[PDB]
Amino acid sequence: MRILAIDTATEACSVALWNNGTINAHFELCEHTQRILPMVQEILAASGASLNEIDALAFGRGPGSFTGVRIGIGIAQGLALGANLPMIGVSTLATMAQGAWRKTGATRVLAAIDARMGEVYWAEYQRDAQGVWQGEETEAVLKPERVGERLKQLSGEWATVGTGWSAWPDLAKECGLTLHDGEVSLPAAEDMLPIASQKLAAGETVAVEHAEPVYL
């Protein structure tokens, strides 16, 4: 089964294709559109796959750039609609947590995105025994001050991901947790795949008209 993933939620622009484990992905910094179509077409030609054949299109539902996310979803809805494909919304936070697992093996992650105007998109994600990232209900838009306040309520060791940490260097400083560097600052489509894969298996897909950015 195949899954095409696209993301434009943050400063990064990426596309990836899942084909029974085998992955074809493209990543780069970005205009959040002029590069997507060529990437999509690049990946499809590379893997020698047709949009019509794919089983589902995974889209970056954010949170991230208010404009960035909406653009990626629009193109994703177009690609999926013209090919009668189910869509799967993947969290930008969870996506990065998957990235930390891949690069460091971290199973507990604190995701913090440096949102504009001194705001931070926050999430506490913990991978369970089935390999599923738990904690989606913890996603939120917070003030740096409120985050450091949260940290004091957590315990154990965690890996950190997101631009939020570099933006607010004292967060990891003043907390009594054991923090490890998740080595992931921005989301990658290749990381959305594993998560999309499991959601597809659980049948958590949405029709094109229901694909929307997450609201926090």
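Numbering starts at 1 and runs along the sequence shown.
- The gap between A49 and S50 holds no unmodelled residues of the deposited sequence.
- Mean C-alpha B-factor is higher over 31 to 39 than over the other stretch, the pair under comparison being 31 to 39 and 147 to 155.
- As listed in the deposited structure, the average C-alpha B-factor of 77 to 85 and of 107 to 115 is greater for 77 to 85.
- Reading the B-factor column for the CA atoms of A172, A188, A58, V184 in the entry, the top value corresponds to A172.
- Each of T22, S197, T205, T10 has a CA temperature factor in the record; the biggest one is found at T22.
- The deposited CA B-factor of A100 belongs to the lowest third of values across its chain.
- In the deposited entry, the Cα temperature factor of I54 sits in the top third of values across the chain's modelled residues.
- Sorting the modelled residues of the chain by their CA temperature factor places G176 in the highest third.
- For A140, the recorded CA temperature factor ranks within the middle third of the chain's modelled residues.
- In the deposited entry, the Cα temperature factor of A129 places it in the highest third of its chain's modelled residues.
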